[PDB]
Amino acid sequence: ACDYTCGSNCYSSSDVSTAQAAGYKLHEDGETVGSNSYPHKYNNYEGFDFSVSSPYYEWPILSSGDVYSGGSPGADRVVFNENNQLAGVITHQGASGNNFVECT
Ligand SMILES: Nc1nc2c(ncn2[C@@H]2O[C@H](CO)[C@@H](O)[C@H]2OP(=O)(O)O)c(=O)[nH]1
């Protein structure tokens with residue numbers, strides 16, 4: 001229903017929940033996938049106004065609807081904390097360098 005718009009990508013609440021659930025599970029088990037080994041800590045260099053407390057972890061959310069399994073992560077990420085609360089949804093689309101902007 002387009003709850004989150006990351007550039008040209010559109011994600012529903014359930015899309016985010018599904019991605020987040022998968023990312024948190026690997027985190028619990030101490031597993032990582034991909035050349036950038038996700039999920040990993042997100043330091044919030046961008047200084048986003050997150051309402052949930054740290055630490056935060058970034059995990060890829062795919063436009064195709066599939067759960068990330070180590071391949072190409074793309075530009076979008078879901079950010080969750082240790083309580084498995086959604087901190088936010090961010091993206092490299094529309095940003096410079098390796099910076100992020102929040103999906104609206
Ligand atoms: N842009 C950005 N990168 C972060 C942050 N936290 C950790 N990183 C990592 O710090 C480096 C510089 O941005 C990258 O390795 C990046 O990981 P990702 O590339 O996986 O996002 C953050 O809050 N913002």
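Residue labels here follow a simple count from 1 along each chain's written sequence instead of the entry's numbering, which may differ, and residues missing coordinates are not shown. Water and hydrogen atoms play no part in the side-chain values, which are based on all heavy atoms of the structure. Residues with missing side-chain atoms are left out of burial classes, side-chain pairs and their counts.

Structure determination for this PDB entry is given in the record as X-ray crystallography, at a resolution of 1.95 Å.

Draft legend 1. Local environment of the side chain of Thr-91. Secondary structure counts use DSSP, requiring at least four H or I residues in a row for a helix and at least two E residues in a row for a strand, with both numbered from the N terminus. For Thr-91, the position within the fold is in strand β6 (residues 86-91). Beyond its immediate stretch of four places on either side in the chain, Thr-91 contacts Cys-6, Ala-75, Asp-76, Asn-99, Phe-100, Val-101 and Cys-103. The contact definition used throughout considers only heavy atoms, calling two residues in contact when any of these lie within 4.5 Å.

Draft legend 2. Expanded view of the site of the ligand. Note on terminology: near, applied to a residue and a molecule or strand, indicates that one of the residue's heavy atoms is within 4 Å of it. Taken together, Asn-36, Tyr-38, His-40, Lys-41, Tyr-42, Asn-43, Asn-44, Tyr-45, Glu-46, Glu-58, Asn-98 and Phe-100 are the residues near the ligand. Measuring from a nitrogen atom of the ligand, one finds a backbone N or O atom of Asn-43 at 2.9 Å. Note that an oxygen atom of the ligand is positioned 2.6 Å from one of the side-chain N or O atoms of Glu-58. In these tables, accessible area is a Shrake-Rupley quantity obtained with a 1.4 Å probe, and a residue counts as shielded only by the protein chains included in the view. When the ligand sits alone it has 470 Å² of accessible area, and the protein chains cover 76% of it. It is strand β3 (residues 40-42) that provides the largest number of residues to the shell around the ligand, a total of 3 residues. Of the residues that constitute the shell around the ligand, the class distribution is 4 nonpolar, 5 polar and 3 charged. Distance and chemistry together define a polar contact, namely a pair of N or O atoms within 3.5 Å, with one atom able to donate a hydrogen and the other to accept it when in protein, and with adjacent residues in sequence counting only for side-chain atoms on both sides. Basically, the charged four are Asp, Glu, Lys and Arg, the nonpolar ten are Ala, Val, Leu, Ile, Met, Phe, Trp, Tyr, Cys and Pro, and anything else, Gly included, counts as polar.

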